[PDB]
Amino acid sequence: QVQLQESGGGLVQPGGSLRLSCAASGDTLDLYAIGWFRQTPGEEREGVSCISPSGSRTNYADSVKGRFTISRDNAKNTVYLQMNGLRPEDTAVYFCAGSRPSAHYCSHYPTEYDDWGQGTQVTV
Amino acid sequence: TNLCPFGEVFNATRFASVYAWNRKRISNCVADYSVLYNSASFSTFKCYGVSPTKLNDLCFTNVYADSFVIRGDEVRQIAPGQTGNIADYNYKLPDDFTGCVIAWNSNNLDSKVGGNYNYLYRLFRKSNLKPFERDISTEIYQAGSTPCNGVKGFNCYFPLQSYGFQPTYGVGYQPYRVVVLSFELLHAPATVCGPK
Ligand SMILES: *[C@@H]1O[C@H](CO[C@H]2O[C@H](CO)[C@@H](O)[C@H](O)[C@@H]2O)[C@@H](O[C@@H]2O[C@H](CO)[C@@H](O)[C@H](O)[C@H]2NC(C)=O)[C@H](O)[C@H]1NC(C)=O
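Residues numbered from 1 in each chain as written, not as in the entry; some residues may be left out. Chains lettered and ligands numbered in written order. Heavy atoms only, no water.

Caption draft 1: Region of interest: the environment of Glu133(B). All names here are of chain B. Mapped onto the secondary structure, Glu 133 falls in the loop between β7 (120–122) and β8 (141–142). Accessibility expressed as a relative area gives 24% for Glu 133, which makes it partly exposed. When the C-alpha atoms of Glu 133 and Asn 90 are compared, they prove to be 8.3 Å apart, with 43 residues separating the residues in sequence. Side-chain polar atoms of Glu 133 contact the side chain of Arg 125, separated by 3.4 Å. (Helix = DSSP H or I, 4+ residues; strand = E, 2+ residues; numbered from the N terminus. Buried < 20%, exposed > 50% of the residue type's maximum accessible area, 1.4 Å probe, protein only. Polar contact = N/O pair within 3.5 Å; in protein donor to acceptor, adjacent residues only side chain to side chain.)

Caption draft 2: Region of interest: the state of the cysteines. Residue and element names in this part refer to chain B. Evaluation of the coordinates by the stated rule reveals six disulfides over all chains. Shown here is the disulfide that connects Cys 4 with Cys 29, its sulfur atoms set 2.0 Å apart. Negative torsions about the S-S bond denote left-handed disulfides, and the value of about 95° found for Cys 4 with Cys 29 makes this one right-handed. One end of the pair, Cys 4, is in the segment before α1 (6–10); the other, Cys 29, is in strand β2 (residues 29–30), and 25 residues separate them in sequence. Owing to a relative accessible area of 9%, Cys 4 belongs among the buried residues under this scheme. Covalent S-S linkage joins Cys 148 and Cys 156, the inter-sulfur distance amounting to 2.0 Å. An S-S torsion of about -90° defines the bridge between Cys 148 and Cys 156 as left-handed. Considered together, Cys 148 and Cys 156 belong to a single accessibility category, that of buried residues. (Disulfide = S-S within 2.5 Å.)

Caption draft 3: Just the packing of aromatic side chains, in detail. Residues and elements named next belong to chain B. By the definition in use, this model includes 22 aromatic pairs over all chains. Aromatic pair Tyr 48 and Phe 97: ring centres 5.7 Å apart, planes at 55°, arrangement tilted. Taken together, the positions of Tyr 48 in strand β3 (residues 44–48) and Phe 97 in the loop between α3 (85–89) and β6 (99–105) put the pair 49 residues apart, joining distant regions of the chain. You'll find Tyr 48 and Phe 97 in the same group, each marked buried. Here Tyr 91 and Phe 132 contribute two aromatic rings whose centre-to-centre distance is 6.3 Å and whose plane-to-plane angle is 75°, an arrangement assigned as edge-to-face. (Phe/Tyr/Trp six-rings, centres within 6.5 Å; stacked < 30°, edge-to-face > 60°.)

Written out as structure tokens, the structure reads:
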């Protein structure tokens, strides 16, 4: 199991961009899928994007399709979320989570992930 | 030459209830674990003491495949050192487990619109299972100080409870099929190797 730490959150004008980072410590990320989730106050975590261990499969929620891009860097043990065209609806705490599925699997389902980061605040 | 019958395990029409988990001995065959791992099929494919892509390099005397259905949010209990109703009373892995745990959502196979009551789990037991122990008894569970005389009633509960799997919104409540692979070495020639 890894420990994950989110970085790169902050305040942004509507229309701007952010690049979140999910840094992993302990294990290497070779066997991990990484998913990005967001959570507005009093609400439930919404899966937004994920990447399979192989990096061959990336899935995006419809709400962010075309504006968000997920990517992995196994050498740095970090996964990134590029967030373009940010609307105030995208304001939330963003978490990254990890799991060990088969090589080309990843989902947006929170119960399919084991390891969670503390989150970082994105404010549009 | 003969490929191991993994199809019979993963693609079985029926899976066991977790309290009555099935065990299949695999032997005298060629196993391709990498073909299983290098797929989009499994939401859990966790191996302990070994990496999944290294399994094809090894040879074992026997391989055991244990299989059953639980809720998606219970798959986390199929791991070393876990507690809860499934780990405590239904299927227990040892602290020193070496082997793999493989799981996938089986909503389309195992849920029913009105609920699939055929899948059960043990809710009450006098003590925790030891690793790889199995308990399929159905004696009435004495939860209080009155003996039950084999009949349910006051503080006397049937020990198995149904999942009643239904097509719910949250996948955590849906059925998942689980296969646990464990790898056995005896003082005997190997019979289960990867491809050459
Ligand atoms: C479990 O079964 C799936 C699906 O099997 C279907 O296709 C096979 C042909 O292999 C057919 O005989 C069967 O009756 C079903 O109609 C297997 O997954 C398929 O595997 C084949 C190769 O064997 C691939 O070409 C397919 O793309 C693939 N399809 C899917 C959806 O995965 C799977 O291999 C079987 N699992 C095991 C462990 O044997």
